[PDB]
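A short worksheet on the structure shown next.
Please note: Cβ atoms are built from the backbone with ideal geometry, for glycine as well, and neighbour counts cover all protein chains shown. Bear in mind that the values in this text are calculations on the coordinates, not laboratory data.
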Amino acid sequence: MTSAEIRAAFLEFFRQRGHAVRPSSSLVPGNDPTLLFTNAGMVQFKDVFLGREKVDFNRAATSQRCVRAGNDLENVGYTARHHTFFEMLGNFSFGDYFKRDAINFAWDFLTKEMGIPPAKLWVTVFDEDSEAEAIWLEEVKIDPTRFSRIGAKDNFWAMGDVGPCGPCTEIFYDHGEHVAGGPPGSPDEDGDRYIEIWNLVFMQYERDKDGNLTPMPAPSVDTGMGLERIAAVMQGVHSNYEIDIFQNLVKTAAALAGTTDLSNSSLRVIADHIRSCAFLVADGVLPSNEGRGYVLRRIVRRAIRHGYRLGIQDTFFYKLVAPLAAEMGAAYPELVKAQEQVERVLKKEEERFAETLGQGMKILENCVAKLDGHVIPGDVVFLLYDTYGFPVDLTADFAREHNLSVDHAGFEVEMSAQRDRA
Amino acid sequence: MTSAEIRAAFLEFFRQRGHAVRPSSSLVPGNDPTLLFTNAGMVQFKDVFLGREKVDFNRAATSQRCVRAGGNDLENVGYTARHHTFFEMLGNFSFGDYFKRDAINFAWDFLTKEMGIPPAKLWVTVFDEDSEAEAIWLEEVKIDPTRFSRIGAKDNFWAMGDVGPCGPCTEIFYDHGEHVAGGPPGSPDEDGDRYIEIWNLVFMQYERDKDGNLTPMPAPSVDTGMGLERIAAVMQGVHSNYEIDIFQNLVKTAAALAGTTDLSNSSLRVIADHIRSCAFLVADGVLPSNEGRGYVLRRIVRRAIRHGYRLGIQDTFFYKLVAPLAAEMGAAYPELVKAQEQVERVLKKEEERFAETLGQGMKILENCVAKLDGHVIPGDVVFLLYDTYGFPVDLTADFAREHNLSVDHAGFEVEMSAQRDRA
Ligand SMILES: Nc1ncnc2c1ncn2[C@@H]1O[C@H](COP(=O)(O)OP(=O)(O)OP(=O)(O)O)[C@@H](O)[C@H]1O
Ligand SMILES: Nc1ncnc2c1ncn2[C@@H]1O[C@H](COP(=O)(O)OP(=O)(O)OP(=O)(O)O)[C@@H](O)[C@H]1O
Ligand SMILES: Nc1ncnc2c1ncn2[C@@H]1O[C@H](COP(=O)(O)OP(=O)(O)OP(=O)(O)O)[C@@H](O)[C@H]1O
């Protein structure tokens, strides 16, 4: 089942159950200036959940474009499950149904619409949420040995210091004994064997300025399921980067690098980064040294640095815009409309960074050759930031590849000294 | 080697190196209203480290009484071999004097030369962005590099606060051997009692200002801390802190009061831990109450009493453990001996007060657990036991933990908001 088929099947399943199918919001949130990028299907409905905005539907469903880079940027290429850019499939209840319907909707979709066998699924609840435990174990009657009760850090949510909060229940997919890791709640739960597929958030209480808890007047539901993780389940593959919607991207990156080794991790990094960078440019973000524009700059330049690692000879990053648009333009026409703008923007940024990347890498490679210890010193980090346009995390990501770190504190001291020279 | 011998040797080792040996401060901190109880040897020297207070010594050493029951290790007592509410922290301090090289050499010398601990039983970690500390350990001291880990800022970077001094830390661990569960620092099961953190060295190296800018600290400083009970267990060949010499008379007396012969029973160890924090807190001026420091004391007292109930003790018992505590540690802490009768009176009265509702409250709890479907004691039971029977939520939750149950905190909080409205 292709990713587009799964996205549509998800949305059709909830439309049939009376959910208003709504479009994704932009990656640049409007109703939330403090937030860098849209990181969940929840964001555009935040004011509805708060009761500050009225809409004429009390149940919705979306496929939401999200970026988590300000944070999953350092997991890209190192795990089978993390992206900067991903799509979150969500259903929402605005004071309509609550735990019982949300749980059955999700279990029905996974085990009946999608046909996933219950023996491959694992469920967690908040260890203080007896309603969700009772619904799962006594009503749905799931296998209790593939079940865990988890503390507040993973299974309790709050919109902020004030406002709605409540327990969460989560559904995981067991990729089997060939992948390293243990079930949720075990010491190696972080492994890629048991992948979190679907997160169900139950908005159940209100916390006020003084810290008091009260019942939420209209208990609400917000869920989110990563499209790529469920696509990997439905296509029988272990890694997100093996699904249909990444193949053209990885194949094109490979073609530009002149290699047939489709297992090279820099290809996956480049494939991930073009998705976040292209979609961000199409939502209006432009490279700069501040705010949202610097996050984009940081991600572009890191993709370029990985092309350097692969030995790519000519400006390349902008060339992945077209296969992305061909692959996702049906679902995201704003990509097709802005294709030319996105290509120009990415090309210019790569050309601008190329005037210092080669020299900066020579300094980096020389430093790695002569270094004693495992820490790149702060003055070198600052030299690369200040003269050669290397963001600190770009330098740190290169250092990671040679079992090295970078002196963040030493870099910060260099920055204060520079303010002192001004 | 007894705990008192280790305490004295530690202080004498640093006194020879020109450290002024200073007394422990109180568990109730001065010039620091935000902090609940003194929780580290640093607390009394904080203003010296900040340059706000002048003293006529630039290096010191103390054995500091500490309590960690807030802001917090109360829920680890009895469940790990290594955690207390009350413990003594052995520290040496440099006030802009020596720095990383001497601190590391002082620490290694004391463990491997004074105390004779084999290097094959020690494990060292550094901040993974601290090349100076790595170089000193690996190139100068020349420790075995396979018993060494480079750890990120969560475990090995320290800061006094959002502004003020900060810097990297290096830590020394002891390997209790293959019969204990756990892995080395940095491994997935680094938690667990096999590799126990013995000594923490804090290097005050930078200053962070209001806006988050770092500058070099004008006079780099050192603050260290090593738990007396953990090193005593190493030096006495035992796995659990509670098996060391300084806990034996306490656990033995508690066992006699409970009529049991199992000197390792975990509720005995909890009772032995709690009398140390409760007695020393009362001796430092704290009194049971429903607010602030007095409520933390009340909570620890009542949890000890509830554990006596679990062991079947029928007659008020908790205050009877002050006398063996004072006998065991009175040489080191004479204020305990002077305040002994007052401590016993306060602890006795508090138990008699809780006893007016403890039995009835437990019947409600035991009946609730017998008929309970699910794993969560509901919020209205939690609020009833709190509001009518004086059961702190963590007391009720600690009972529930023993039956693999949890407690509805959110539901309890909702009940509390409703009660405030009835006012
Ligand atoms: N960076 C990412 N890359 C790929 N998929 C992701 C990423 N972040 C989240 N997902 C997917 O989206 C789903 C919903 O994410 P969401 O943030 O709501 O859950 P979560 O991270 O468990 O939340 P919480 O941290 O509040 O417990 C996840 O279950 C996962 O399938
Ligand atoms: N056609 C392909 N052949 C090989 N690797 C690919 C291909 N397409 C993508 N990759 C990426 O290369 C990564 C590493 O593959 P590797 O050969 O090291 O392990 P593998 O046998 O594919 O195991 P797994 O499927 O669990 O990753 C994969 O996880 C995947 O993201
Ligand atoms: N609750 C406790 N019970 C017994 N010993 C303790 C307790 N807390 C700390 N110690 C001992 O005191 C030493 C110093 O404590 P300290 O808090 O400085 O180290 P830490 O816990 O690593 O702190 P940080 O994580 O802030 O660096 C520890 O190495 C440990 O041996």
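In region B:392-402, what count of residues is obtained for those that are more than 19 Å from A:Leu213 (Cα to Cα) and away from chain A (no Cβ under 13 Å)?
4
Which condition from (1) β-branched (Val, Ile, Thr); (2) away from ligand 3 (no atom under 15 Å from the Cβ); (3) under 30 Å from B:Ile275 (Cβ atoms) is the one that B:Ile143 breaks?
Just one mismatch for B:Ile143, condition (3).
Any idea which of (1) within 14 Å of ligand 2 (Cβ to nearest atom); (2) under 21 Å from the mean Cα position of the chain (by Cα); (3) hydroxyl-bearing (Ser, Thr, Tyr) is the one A:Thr252 doesn't satisfy?
Answer for A:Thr252: the failing condition is (2).
Filter region A:392-420 for residues that are of a type in the set (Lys, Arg) and either closer than 24 Å to B:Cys166 by Cα or surrounded by 20 or more Cβ atoms within 10 Å (Cβ to Cβ) (or both) and give the result. Explain how you work it out, then say what you get.
The initial filter retains those residues of region A:392-420 that are of a type in the set (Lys, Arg), namely A:400, A:419.
Selection gives A:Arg419 alone.
Does region B:163-178 contain at least one residue that is among the acidic types (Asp, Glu), touching a helix residue (DSSP H, G or I) at 6+ places or on another chain (Cβ under 6 Å) and more than 10 Å from every other protein chain (Cβ to nearest Cβ)?
So far as region B:163-178 goes, yes, one or more of its residues are among the acidic types (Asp, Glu), touching a helix residue (DSSP H, G or I) at 6+ places or on another chain (Cβ under 6 Å) and more than 10 Å from every other protein chain (Cβ to nearest Cβ).
Go through A:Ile270, A:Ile304 for me and flag whichever is of a type in the set (A, V, I, L, M, F, W, C), touching a helix residue (DSSP H, G or I) at 6+ places or on another chain (Cβ under 9 Å) and either within 30 Å of A:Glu177 (Cα to Cα) or within 16 Å of ligand 3 (Cβ to nearest atom) (or both).
Answer to the check: A:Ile270.
Residue check, A:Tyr194 against (1) buried (at least 18 other Cβ atoms within 10 Å of the Cβ); (2) within 15 Å of ligand 1 (Cβ to nearest atom); (3) within 14 Å of chain B (Cβ to nearest Cβ), all met but one. Which one?
Just one mismatch for A:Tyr194, condition (3).
Okay, residues lined up against (1) away from ligand 1 (no atom under 12 Å from the Cβ); (2) out of contact with any strand residue (DSSP E or B) (no Cβ under 9 Å at 6 or more places or on another chain):
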site: A:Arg207; (1), (2): yes, no
site: A:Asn212; (1), (2): yes, no
site: A:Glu228; (1), (2): no, no
site: A:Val250; (1), (2): yes, yes
site: A:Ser263; (1), (2): yes, yes
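Look through region A:369-391, keep the residues that are part of a helix (DSSP H, G or I) and within 14 Å of chain B (Cβ to nearest Cβ), and return whichever of them is surrounded by the most Cβ atoms within 10 Å (Cβ to Cβ). Walk me through it before giving the result.
Here is the first cut: in region A:369-391, the residues part of a helix (DSSP H, G or I) are A:369-370, A:378-386.
Remaining after also requiring within 14 Å of chain B (Cβ to nearest Cβ): A:370, A:378-382.
Values: A:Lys370: 6, A:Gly378: 20, A:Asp379: 14, A:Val380: 20, A:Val381: 26, A:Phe382: 22.
Top of the filtered list is A:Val381.
For region A:123-200, list the strands (runs of 3 or more DSSP E) that sit wholly inside it and hold at least 1 residues that are within 16 Å of ligand 2 (Cβ to nearest atom) and within 25 Å of A:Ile6 (Cβ to Cβ); which are they?
A:163-174
Inside region A:1-108, counting only helices (runs of 4 or more DSSP H) that do not spill past its ends, which hold 1 or more residues that are in contact with a helix residue (DSSP H, G or I) (Cβ under 7 Å, 6 or more places away or on another chain), of a type in the set (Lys, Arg) and crowded, with 22+ Cβ neighbours inside 10 Å? Let's see the steps before the verdict.
On the way: elements: A:3-16, A:46-49, A:99-108.
The qualifying helices (runs of 4 or more DSSP H) are A:99-108.
Can you spot a residue in region A:26-40 that is touching a strand residue (DSSP E or B) at 6+ places or on another chain (Cβ under 6 Å) and farther than 30 Å from A:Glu242 by Cα?
Within region A:26-40, not a single residue is touching a strand residue (DSSP E or B) at 6+ places or on another chain (Cβ under 6 Å) and farther than 30 Å from A:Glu242 by Cα.
Where the second residue is part of a helix (DSSP H, G or I) and crowded, with 24+ Cβ neighbours inside 10 Å and the first is of a type in the set (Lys, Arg) and lies in region B:259-282, which pairs have Cβ atoms under 6 Å and are six or more apart or on separate chains?
Within 6 Å, the pairs are B:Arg269/B:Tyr242.
Under 8 Å by Cβ, and 6 or more places apart or on different chains, what pairs join a residue from region A:403-418 that is more than 7 Å from chain B (Cβ to nearest Cβ) and more than 18 Å from B:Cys169 (Cα to Cα) with one that is outside any strand (DSSP E or B) and hydroxyl-bearing (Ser, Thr, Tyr)?
From residues that are more than 7 Å from chain B (Cβ to nearest Cβ) and more than 18 Å from B:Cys169 (Cα to Cα), the pairs are A:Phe411/A:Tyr385.
Exactly one of (1) part of a loop (DSSP other than H, G, I, E, B); (2) surrounded by 14 or more Cβ atoms within 10 Å (Cβ to Cβ) is unmet by A:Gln313. Its number?
(2)
Could you list, in sequence order, the residues of region B:236-250 that are in a helix (DSSP H, G or I) and buried (at least 20 other Cβ atoms within 10 Å of the Cβ)?
B:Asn241, B:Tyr242, B:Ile246, B:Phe247, B:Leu250
Just a yes or no: is a residue in region A:266-279 within 15 Å of ligand 1 (Cβ to nearest atom), in contact with a strand residue (DSSP E or B) (Cβ under 6 Å, 6 or more places away or on another chain) and farther than 30 Å from A:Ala322 by Cβ?
No: zero hits.
Assuming A:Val179 fulfils every condition listed in (1) farther than 28 Å from A:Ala61 by Cα; (2) touching a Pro at 6+ places or on another chain (Cβ under 6 Å) apart from one, which condition is it?
Tallying (1) farther than 28 Å from A:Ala61 by Cα; (2) touching a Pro at 6+ places or on another chain (Cβ under 6 Å), A:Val179 fails exactly one: (2).
To keep it simple, each residue is scored yes or no on (1) away from every other protein chain (no Cβ under 14 Å); (2) part of a helix (DSSP H, G or I); (3) of a type in the set (D, E, K, R).
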site: A:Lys319; (1), (2), (3): yes, yes, yes
site: A:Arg352; (1), (2), (3): yes, yes, yes
site: A:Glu355; (1), (2), (3): yes, yes, yes
site: A:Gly360; (1), (2), (3): yes, yes, no
site: A:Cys367; (1), (2), (3): no, yes, no
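I'd like to know if region A:176-186 contains one or more residues that are at negative phi, buried (at least 16 other Cβ atoms within 10 Å of the Cβ) and in contact with a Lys or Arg (Cβ under 7 Å, 6 or more places away or on another chain).
no
Step by step: first the residues of region A:206-229, then only those that are hydroxyl-bearing (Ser, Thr, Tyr) and surrounded by 23 or more Cβ atoms within 10 Å (Cβ to Cβ), then the one that is nearest to the other protein chains (Cβ to nearest Cβ). Which residue is that? If you could, list the steps in order and put the result at the bottom.
Going through region A:206-229, the residues hydroxyl-bearing (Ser, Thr, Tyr) turn out to be A:214, A:220, A:223.
Now narrow it down to the ones that are surrounded by 23 or more Cβ atoms within 10 Å (Cβ to Cβ): A:220, A:223.
Values: A:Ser220: 16, A:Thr223: 20 Å.
The extreme case among them is A:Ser220.
Among the residues of region A:44-98, which ones are hydrophobic (A, V, I, L, M, F, W, C) and either over 23 Å from A:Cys168 (Cα atoms) or within 16 Å of ligand 3 (Cβ to nearest atom) (or both)?
A:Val55, A:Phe57, A:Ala69, A:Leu73, A:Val76, A:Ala80, A:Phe85, listed by residue number.
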